[PDB]
Every structure is written in structure tokens, then in C-alpha cells.
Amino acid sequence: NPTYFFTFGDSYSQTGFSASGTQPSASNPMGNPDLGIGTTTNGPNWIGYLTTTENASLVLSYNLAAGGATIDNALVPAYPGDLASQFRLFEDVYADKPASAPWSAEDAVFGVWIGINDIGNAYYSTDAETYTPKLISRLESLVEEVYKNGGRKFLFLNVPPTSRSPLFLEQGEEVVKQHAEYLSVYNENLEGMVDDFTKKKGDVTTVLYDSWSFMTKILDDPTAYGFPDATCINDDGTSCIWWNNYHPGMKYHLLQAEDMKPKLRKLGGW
């Protein structure tokens, strides 16, 4: 009795899963590639840890996240594999509940972690108060496609403080500030959307995971988590928070997955 965990997002979630690669099974819950490959962490990422380390029962991971993704290239563009295209891949391959992924409302969890790149690319060129509702409304419409397919369990991660990644720190404190203030408005609107969607549907189980506050706690007191500082980069994924200048390592992702586990119990796999 597996939980089918369909995920959507950017490089903080990518594993390089192909819909034509080996598909998830009890003996191989990630499908492809092997657990620990394909990420920006030097090892498993939060999805690999949620699926294989923090799981309370069998979780099968279908991870459609793609590097650099924004929500929709008609709003903030970046790479072809935007969130809209990830939802289209889902609609093409998995939405109709094929024998390979025979999911139902009671055992499918749809996890979305998006917005890092929309904010990263639009924080100085757009008005957060009036532009972020457009991004959030497009996200909501994509979620509605899965709802129409019969999805009822949803996990949304808010945007973490990429303002304090080395890539942004290097641009100066006033840019860190401009980005952080825009990001705060995005995250508030995301929370409002998840709340409104949950109330209006009435038949959904949702979790909004506050990655922003969790990562911020670590950045503010890195030695309490065994990191020497909040700025160093180490591609071993464990010696520093940062695996490269814009992406945290496997140790951070494990800490996040462990923080998320109790919050995900209501979704069925944790």
C-alpha cells in the first residue's frame, strides 16, 4: 500500500528522474536515477530522504522537478522545464493512473517547491505586491489540474532564504535586502493561497512547510547544527551549508527532511 509522491520544483528538488527511466517500485522507490544521484547536494536531497529515510511506510517517488525552473515561462521565464511543463509531463504520463502508478486520492501526495527562481529573476524588476499574486495564481491553476485528476493531498514548501546564499550575499547587503523583502511577500501570498485552496475545496489535506524559517534558524546559528559558519561552500555537501553558491548540501537537506517528517504525518507516508 504505497504512497505515490509526485514532486514538482527546481534544482532544490531535481534528481534527474526520467519518465522513461526505471519506474518506482518497492525495491526501488526512486525509480531512477539511483538514490543520491542527480541532485545539487552531493547526495540525496530532501525528496530522497523523505522517500527512503524518513518514510513510515512505502513511498514511491516520481520526481518531476527540473533545474532552474520557474512557475510559468509566460510570467518569469528561465528554462523550458518550468513548473507548467512539469505538470504537463504529469498529465501526459501519470494523471490517468496507469498500471505503473495506480494512484488514488487516498495514497497520492503532490509536493511542490517552486519560487526560488521566479523571485531570483524578478525581485528587482517587478512589484512584489501586485506581481507575486500573478505567480501564485498560476501555481494555483496548475494545482487545480491535479485536483481535477483526483489529487487531494498536497505539500507546498515556501521559498527558503536564498537571499543569504553566497550568490546573493556577494551582490551586497542592499540586494540581499531587496530580494528578501520580495521573497517575504511571495511567501505570504503562497500561504494565503494554500489556506484559501484548502478551505474552498474542503476535501484536501494540505501542508505548507515553512522551509524559510527552518533554514533561517540554521543560517542564524550554524554551529548548533554542526556547520562552522553560514557562508562557506563545500561540494562534499556536509562540511558547509552550501554545496555550491546557490544550493545547500545533503546535510542541510537531511536536516530539513527530518524537520519535515512530523509535519508530513497527516499526508500518509511519514
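Start at 1 with the first residue shown and count on from there.
J.: According to the deposited model, is the average Cα temperature factor higher in 235 to 243 or in 43 to 51?
T.: Going by the record's values, the stretch with the higher mean is 235 to 243.
J.: Highest mean C-alpha temperature factor of the two stretches 224 to 232 and 204 to 212, which is it?
T.: Per the PDB record, 224 to 232.
J.: Maximum C-alpha temperature factor per the entry, among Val109, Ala128, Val112, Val76, belongs to which one?
T.: Largest recorded C-alpha B-factor: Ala128.
J.: Going by the entry, which of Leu135, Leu169, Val159, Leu89 has the most elevated CA B factor?
T.: That would be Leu169.
J.: Ranking every modelled residue in this chain by its Cα temperature factor as given in the entry, which third contains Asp82?
T.: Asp82: CA B-factor falls in the lowest third of its chain.
J.: Which third of the chain holds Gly31 when residues are ordered by C-alpha B factor: lowest, middle or highest?
T.: Ranked within chain, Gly31 CA B lands in the lowest tercile.
J.: Sorting the chain's modelled residues by C-alpha B-factor, tell me whether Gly9 ends up in the lowest, middle or highest third.
T.: Within its chain, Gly9 is a lowest-third residue by C-alpha B-factor, going by the deposited values.
J.: Could you look up the Cα B-factor of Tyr186 in the entry and say which third of the chain it sits in: lowest, middle or highest?
T.: Ranked within chain, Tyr186 CA B lands in the middle tercile.
J.: Ranking the modelled residues of this chain by C-alpha B-factor as given in the entry, is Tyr147 in the lowest, middle or highest third?
T.: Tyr147: CA B-factor falls in the lowest third of its chain.
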